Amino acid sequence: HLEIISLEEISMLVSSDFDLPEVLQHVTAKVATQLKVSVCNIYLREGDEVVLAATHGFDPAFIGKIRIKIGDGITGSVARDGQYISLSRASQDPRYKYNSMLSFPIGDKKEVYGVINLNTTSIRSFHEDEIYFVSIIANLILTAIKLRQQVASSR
């Protein structure tokens, strides 16, 4: 939402005394609650795949554990192509579900660094600026990485 990011928040995000791990935990937990969604994950490009880096929705236990091969999911396509997809599906496993997800890339000019997902179990449309809001977050996340990775291991 409009004026909806604390000074503490951008602060922590930029200021380098924190490690990605801890920021991203707070990022997902921020986004998930802001958009009223029941889970928000970040996967970060690593080799030809993409591994989980933060959650709000899963156990933190799952942090290293989930990997999507590159083109593989619809996460995997977002990771490959760098266009986000948002969809709602009707789903039914036999038994004598109607979810929504938003899957948005983290990337730049050159390429994709990761994917942020938002999944709610309700049938619900993602509104434009709802996506705008995540677009900004995808870029604050992009900026966290860039500051830390390069300006740390080379400065």
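The numbering used is simple: start at 1 and walk along the sequence shown.
> In this entry, is the chain continuous from residue 96 to residue 97, or are deposited residues missing in between (none, 1 to 3, 4 to 9, 10 or more)?
Missing residues, residue 96 to residue 97: 4 to 9.
> Once you work out the mean C-alpha B-factor for both 87-95 and 63-71 from the entry, which is higher?
The stretch with the larger mean CA B-factor is 87-95.
> Hey, what third does residue 100 fall into on Cα B-factor, ranked over its chain?
As the PDB entry reports it, the C-alpha B-factor of residue 100 lands in the middle third of its chain.
> Quick check on the deposited entry: does the C-alpha B-factor of residue 123 sit in the lowest, middle or highest third of its chain?
Highest third of the chain for residue 123's C-alpha B-factor.
> Where does residue 11 sit by CA temperature factor within its chain: lowest, middle or highest third?
Residue 11: CA B-factor falls in the middle third of its chain.
> Please place residue 24 in the lowest, middle or highest third of its chain by C-alpha B factor as given in the entry.
Middle third by C-alpha B-factor.
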